Amino acid sequence: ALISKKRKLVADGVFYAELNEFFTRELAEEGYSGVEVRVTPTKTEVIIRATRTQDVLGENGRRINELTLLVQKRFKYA
Amino acid sequence: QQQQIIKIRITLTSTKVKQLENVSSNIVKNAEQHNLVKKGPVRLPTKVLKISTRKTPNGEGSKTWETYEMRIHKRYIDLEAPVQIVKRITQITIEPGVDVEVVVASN
Amino acid sequence: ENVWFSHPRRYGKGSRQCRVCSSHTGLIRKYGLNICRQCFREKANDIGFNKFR
Amino acid sequence: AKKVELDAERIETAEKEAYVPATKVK
Amino acid sequence: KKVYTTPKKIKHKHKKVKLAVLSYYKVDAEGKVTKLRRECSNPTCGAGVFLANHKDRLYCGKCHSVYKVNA
Amino acid sequence: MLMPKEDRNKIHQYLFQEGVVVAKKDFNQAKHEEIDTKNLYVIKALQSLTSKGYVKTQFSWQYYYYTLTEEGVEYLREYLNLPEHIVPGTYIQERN
RNA sequence: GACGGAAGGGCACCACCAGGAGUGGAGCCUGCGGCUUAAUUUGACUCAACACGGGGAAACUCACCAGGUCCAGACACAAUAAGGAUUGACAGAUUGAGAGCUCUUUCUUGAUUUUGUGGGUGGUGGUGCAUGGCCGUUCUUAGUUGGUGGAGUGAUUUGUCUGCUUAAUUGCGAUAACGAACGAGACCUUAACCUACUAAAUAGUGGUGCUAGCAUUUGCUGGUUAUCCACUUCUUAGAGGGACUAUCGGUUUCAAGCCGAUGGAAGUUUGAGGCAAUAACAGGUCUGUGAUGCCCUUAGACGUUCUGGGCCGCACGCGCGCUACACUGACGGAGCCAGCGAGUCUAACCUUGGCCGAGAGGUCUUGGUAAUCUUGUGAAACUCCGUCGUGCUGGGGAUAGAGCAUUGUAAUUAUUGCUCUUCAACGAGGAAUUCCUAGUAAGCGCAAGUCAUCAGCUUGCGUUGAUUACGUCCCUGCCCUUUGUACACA
Ligand SMILES: [Mg+2]
Ligand SMILES: [Mg+2]
Ligand SMILES: [Mg+2]
Ligand SMILES: [Mg+2]
Ligand SMILES: [Mg+2]
Ligand SMILES: [Mg+2]
Ligand SMILES: [Mg+2]
Ligand SMILES: [Mg+2]
Ligand SMILES: [Mg+2]
Ligand SMILES: [Mg+2]
Ligand SMILES: [Mg+2]
Ligand SMILES: [Mg+2]
Ligand SMILES: [Mg+2]
Ligand SMILES: [Mg+2]
Ligand SMILES: [Mg+2]
Ligand SMILES: [Mg+2]
Ligand SMILES: [Mg+2]
Ligand SMILES: [Mg+2]
Ligand SMILES: [Mg+2]
Ligand SMILES: [Mg+2]
Ligand SMILES: [Mg+2]
Ligand SMILES: [Mg+2]
Ligand SMILES: [Mg+2]
Ligand SMILES: [Mg+2]
Ligand SMILES: [Mg+2]
Ligand SMILES: [Mg+2]
Ligand SMILES: [Mg+2]
Ligand SMILES: [Mg+2]
Ligand SMILES: [Mg+2]
Ligand SMILES: [Zn+2]
Ligand SMILES: [Zn+2]
C-alpha cells in the first residue's frame, strides 16, 4: 500500500496491460476477446470475455483454477 | 443498540468522469435521502499525466513528437454518520474503475 | 557458489530494463511505469494514456 | 473425486520408521 | 568479420583422475579394521568423510573448502 | 542440467501439489519466491520437464508460466512415487 | 495510368514582396565526414542524414578492442559407469584478481553429469532488397467512390465543369445529369466569457472575537491550520449557457461570398492542436520487442559474464547550438513579479526550518504519497540608486596553474560544483543561407524527459513584448488541366 495516486492509477493501467497480454497469449484457441478487473472489498475480480468459455473452465473447473493460480502466484495475491 | 457518529471522509479518485460522477452524486442523494450532515463533494483540480515521445522507433524522418495524457479526477465527500450506513455504503456503490477511499479521524 | 559472475547493477541503464521487452534503451521511467518508448506506444491505450491534443 | 489431497498426504503418511541416525566417533 | 586470430596452445578442462577408490581401510588380523585416513570433526561431516594428507596439511574434502585441520 | 537431486525434489514436489509454477526471467536471482532453490534451477528444470511433454510454457512480459499437463501427471507421480489418484491442482477446494 | 528538358492556370514565409531576428565570420558546445587507432561499435547522407536512433556512453549501457570465466548445449539414442558416469575445493604455483582457469598434492561428491551423433538453443551476427508492425515523405495536400439516368461494341466516360468563391471536389453558378457516401467540414482536446446553477479547513473573501505597531478622533498596517458567523467575486470543476461571421452598410452574375462599421469574452476555420480517406516509396527501423523467413555462428562461441580500454582519440572539411563584440551596457547595492511540472514502501524522492562554513557544501531536525508540505517555486529578463567612461576598458571569458567540496565501487583522458589566479579570439562578420504575421517574432528564465552524478539538447511553460505585409507569381516548390508517348517493372 502507501502509494501516490498518480503512481497508483498508472500502476493499475500497467496491471491491465500485463493481464490482457497473458490471456491474449493463453486463450487464443478460445476466442479470448478482452478483460475487465473489478476491485472490491476482500476480492479482486477478473472476467474473461471469450467465445468458447467451456474450454476456459476445464473439467469441473481445472483450467480457470490454473489461470487464477497463475495470475495469483505472479502478482502476489493471497 | 448502537450507532454513534464517526465523522467520515470518503475520497473518490478515477479517470472516468461519468462513472466517477455517478458514484459521486448517488452518494449525495443516498445520504440526504436519510438526513445526515455533510460537506458536499469537493472537486480537486484534475491533474494531467503527460508523456511526450517521438513516434518513430528508429531515428529517421522529421522529428515528430507526440504527447499522451491521463487525467485524474479526485473527489472527497465528508459524512457524519453511524457505523450502520458507512458499511452499507462501502459494499454498495462499488464501481469498476472508481477507487473509493474511506478514512475517519478528524485527527 | 560462484563469486566471479556479477558486478554492481545499482544505478544507471544497466540496472533497469523494460518490463515488457527487457531493453535498457530509451526507457520511459515517469510515474514508475518503466516501459521503453516503443513498448509504451503499443500499450499506451491499455495503460490509460490516450490522445486528446 | 481423486482424493487423498497430496498437500496433506505427506501429513497422513507422516508416520515414522523412514530414517536412521548415528555418528560421532574420534 | 576477422575469423581466427589465435596464437597457439589451447587450454584443457579438468580430467578427474580415475583413482580406484579406497582400500585405505587397513584391516589387521581378520578382521580388526584399523580405519586409515582420520575423519573430520565438523557436524556437517558425519565422520564418514576423511582428511586429505598433503604436506603441512589435513584437508576435509567434504567441506568443499572449509576448516583446515592442522597436524 | 547440473544440480543435486535434493533441489530437483523441491521443484518436482511443489509442481505436483500446486500444479502450476511461475518464475521471473532473471537467472542469478539466487532464491526463487516460494521455493528453496536458486531461480536458475527452476527455469531449466521446467524447461527439461517441458521438452519431454509433461508441461507447457508461456512467457508474456518476462515471466514464465508453467502448466502441468495430464501426461506429466503420471511422470512426477513416478518420480514422487505417490500412489495413483493422490492429487494435483485438480481439487475444487471446499465450496468456492 | 505514369512520365516530358510543351502550353494555360493556380497555391505557400519549409516561396518571394515589405521587414524583423539571425545563421554564414570568431571562442567553446555538440553531431557527421576525414584522418588516427588494439579498438576509436553502428544505422541514416537533398527538402525527407548531420543536439537524429529519445544516442547527455567513466563501470553498467555496449554492439568495438586487449585479455580471463561459465553452459544457462532442452530432449531422443548410443557409449561410459556403481570396482564409480560426474561435481567441488583448502594452501601453493599461477593470475589483473581472495577464478581450483590451469597445475602440484588428495580428499570430496553419487548417476543430477560426461563423450558422441541427431536435434535444438541463444546471438545489438547478415539480410529493412525476404517480412510483420510502427514511422517518415508526397501532404502547410484535396482527393476517392457507388446508386438512377445519359454516351460508347468495349476498356470507359458523364456525374467529378469554363467561370466565381473557399483554408478545402468549400460552395454558388453553369449544366445530360439528378440525388448520396468516404476524405475536408462535423467531431474531440485545450486557451478565452459568466456577480446565473451546485459548494468547498486540502481554495479564498467580508464580519467578529483574541492580538501587535503607528496615529490618535472613529483610522491605517499586520499576527493568530479552527475562538466562532456568513458568503462563493476572486481559485477549483461538474451541469448548463454563449457565436450563428450577428445587426447595419458597401461590393459582387447583387449568387456563394467578400470588405468596412457598431455591438460582443470571443468574429484571421475564434486562436492552438488531436483525429484524418484512396494510393505510392524497394523511405527508415531485424540495434525496442520472447515480432519474424532465410543465411550465418553455436564451447579456442558471433552465447554470456568478469577485469581494463574505447565510442571523447586531432594537420582538417561540414551541420545544429551556446556566449559575445559593450554605454538600449557591464558591474555593485536596492526594488521584486509568473506558468506548465514532479516528488519516498517495504524506502531513502521532493525538502522548509535551526545551526556551522566566504563559497560550494555540511550537520541537526522537520512537512509531504501531495490543490494540505517543498512552493507565493520571492525564476530571469526587467524596474530603481550608484560605480566605471570609451580605452580590447571594469566589454569578452577561451586557455591554464593552484586549493577546497559533492555524485559514485571508481572521477587519471581532468562527471559536476566552489575559490584565487591566468585574460586569448571576437571592433557586427565575404559568397551565401534559415525562421517567422500578434500576445506572434525576438529577448528572458523555468519544469519535465534523460538522470547516481552531468544540458550549451529536447518537450512544454509563463514573463517582457515590436517593426513590416494582409500582396503577388518574379525566384524556388508543389498541385491542376491541356497535350505528346513506341513508357504500363511506367
Ligand atoms: Mg484551468
Ligand atoms: Mg524578404
Ligand atoms: Mg543578413
Ligand atoms: Mg544497410
Ligand atoms: Mg566491460
Ligand atoms: Mg562460473
Ligand atoms: Mg550435443
Ligand atoms: Mg551439429
Ligand atoms: Mg534478436
Ligand atoms: Mg523499405
Ligand atoms: Mg517495412
Ligand atoms: Mg503558413
Ligand atoms: Mg448501354
Ligand atoms: Mg476530373
Ligand atoms: Mg464562480
Ligand atoms: Mg470593437
Ligand atoms: Mg533501401
Ligand atoms: Mg523492428
Ligand atoms: Mg558519439
Ligand atoms: Mg565580465
Ligand atoms: Mg542589475
Ligand atoms: Mg572554511
Ligand atoms: Mg513522516
Ligand atoms: Mg580587456
Ligand atoms: Mg547584425
Ligand atoms: Mg534535469
Ligand atoms: Mg540528446
Ligand atoms: Mg496569402
Ligand atoms: Mg493518352
Ligand atoms: Zn519495451
Ligand atoms: Zn569437514
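Residues numbered from 1 in each chain as written, not as in the entry; some residues may be left out. Chains lettered and ligands numbered in written order. Part of a larger assembly, values for the part shown. Heavy atoms only, no water. Residues with missing side-chain atoms left out of burial classes, pairs and counts.

Its PDB header names X-ray crystallography as the technique used to obtain the model and reports a resolution of 3.10000049683 Å.

1. A closer look at the overall build of chain B
Scanning chain B for helices and strands turns up two helices and five strands. Listed by position from the N terminus, the elements making up chain B come as β-α-β-β-β-α-β. Over its C-alpha atoms chain B spans a radius of gyration of 20 Å, topping by over 25% the 13 Å that the globule rule assigns to 107 residues. Overall size of chain B, expressed as C-alpha extent along the three principal axes, is 75 × 25 × 20 Å. For chain B, restricting intrachain contacts to residue pairs at least 6 apart in sequence, the fraction spanning at least 24 positions comes to 74%. For chain B, the exposed surface amounts to about 6,700 Å²; the carbon and sulfur share of it is 52%. Charged side chains of chain B number 18 positive and 10 negative; the gap between the two group centres comes to 2 Å. (Helix = DSSP H or I, 4+ residues; strand = E, 2+ residues; numbered from the N terminus. Rg over C-alpha atoms; globule rule 2.2 N^0.38 Å. Contact = heavy atoms within 4.5 Å. Areas by Shrake-Rupley, 256 points an atom, 1.4 Å probe, with all protein chains shown as cover. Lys, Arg positive; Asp, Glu negative; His and termini not counted. Charge placed at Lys NZ, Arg CZ, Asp CG, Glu CD.)

2. With respect to helix α1 (residues 17–28) of chain B
Along its twelve residues, α1 of chain B runs 16 Å from first to last C-alpha, staying within 8% of the 16 Å computed at 1.5 Å per residue. The inward-facing, buried residues of α1 of chain B contact β1 (8–14), β2 (37–43), β4 (65–80), α2 (83–91) and β5 (98–103) of chain B. (Expected span 1.5 Å × (residues − 1).)

3. Remarks on the packing of aromatic side chains
In the structure shown here, the tally under the stated rule is eleven aromatic pairs over all chains. With a centroid separation of 6.0 Å and an interplanar angle of 40°, the aromatic rings of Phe23 of chain A and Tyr32 of chain A are classed as tilted. In this pair, the class of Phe23 of chain A matches that of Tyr32 of chain A, namely buried. A ring pair is formed by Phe40 of chain C and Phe49 of chain C, whose centres lie 5.5 Å apart and whose planes are at 65°; its orientation type is edge-to-face. Through successive ring pairs, a cluster of aromatic residues spans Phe22, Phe23 and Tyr32 of chain A together with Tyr65 of chain F. One cation-aromatic arrangement involves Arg74 of chain A over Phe75 of chain A; the distance from NZ or CZ to the ring centre is 4.1 Å. In this structure, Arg71 of chain B is placed above the aromatic ring of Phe52 of chain C, and the distance from its NZ or CZ to the ring centre is 4.1 Å. (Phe/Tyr/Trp six-rings, centres within 6.5 Å; stacked < 30°, edge-to-face > 60°. Buried < 20%, exposed > 50% of the residue type's maximum accessible area, 1.4 Å probe, protein only. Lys NZ or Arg CZ within 6 Å of the ring centre and 35° of its normal.)

4. Here we look at the nonpolar core
If you look at the biggest cluster of nonpolar residues, it comprises 23 residues, and the most contacted ones within it are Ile11, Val21, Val42, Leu46, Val55 and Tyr66 of chain F. Broken down by secondary-structure element, the contributors of at least two residues to this core are α1 (5–18), β1 (20–24), α2 (39–51), β3 (63–68) and α3 (70–79) of chain F. At six residues, the largest contribution of residues to this core is made by α2 of chain F. In this structure, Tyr66 of chain F is in contact with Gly19, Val20, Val21, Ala23, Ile43, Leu46, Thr50, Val55, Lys56 and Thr57 of chain F, ignoring residues within four places of it in sequence. With 22 residues, the next largest nonpolar core counts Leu9 of chain A, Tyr68 and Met70 of chain B together with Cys36 of chain C among its residues. (Core = buried A, V, L, I, M, F, W, Y, C linked by side-chain atoms within 4.5 Å.)

5. Considering the sheet that holds strand β2 (residues 55–58) of chain F
Two orientations exist for strands paired in a sheet by backbone hydrogen bonds: parallel and antiparallel. All names here are of chain F. With antiparallel pairing, three strands are arranged side by side in an open sheet as β1-β3-β2. The open sheet has two edge strands, β1 and β2, and neither has a second partner. Sheet twist, expressed as the mean angle between neighbouring strand axes with direction ignored, is 20°. In terms of strand pairing, β2 meets β3 through four bridges, oriented antiparallel. (Pairing = 2+ DSSP bridges. Axes fitted to C-alpha atoms, helices over the stretch in contact; angles between N-to-C directions.)

6. Considerations on the interface of chain B and chain A
Taken together, the contacts link eleven residues of chain B with nine residues of chain A. Taken over both partners, the interface formed by chain B and chain A buries close to 930 Å², and the fraction arising from carbon and sulfur atoms is 74%. Of all residues in chain B, the largest losses of buried area upon contact with chain A belong to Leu49, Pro96 and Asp99 of chain B, amounting jointly to 34% of the total for that side. Summed over the shared surface of chain B and chain A, the number is two salt bridges. The closest approach of N and O atoms between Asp99 of chain B and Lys8 of chain A, which form a salt bridge, is 3.5 Å. Summed over the shared surface of chain B and chain A, the number is two residue pairs in polar contact. Of all the elements in the fold, those that place two or more residues in the side of chain B that touches chain A are β3 (47–54), β4 and β5 of chain B. With three residues, β4 of chain B is the single largest residue contributor to the side of chain B that touches chain A. (Buried area = accessible area lost by both parts, 1.4 Å probe. Salt bridge = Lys/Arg side-chain N within 4 Å of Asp/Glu carboxyl O. Polar contact = N/O pair within 3.5 Å; in protein donor to acceptor, adjacent residues only side chain to side chain.)

7. Some details on the UniProt feature "zinc finger region: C4-type" in chain E
Mapped onto this structure's residue numbering, the UniProt feature "zinc finger region: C4-type" falls at residues 40–63 of chain E. Note that residues 40–63 of chain E is 0% helix and 33% strand, and that its end C-alpha atoms are spaced 9 Å apart. (UniProt positions renumbered as here; feature names shortened; annotations may be inferred.)

8. Some points on the interface of chain F and chain A
Contact with chain F, which involves 18 residues of that partner, is made by 17 residues of chain A. Elements with a minimum of two residues in the side of chain F that touches chain A: α1, β1, β2 and β3 of chain F. Residue contributions to the side of chain F that touches chain A peak at four residues, all from β3 of chain F. Residues belonging to the side of chain F that touches chain A are distributed by class as follows: nine nonpolar, four polar and five charged. (Nonpolar A, V, L, I, M, F, W, Y, C, P; charged D, E, K, R; others polar.)

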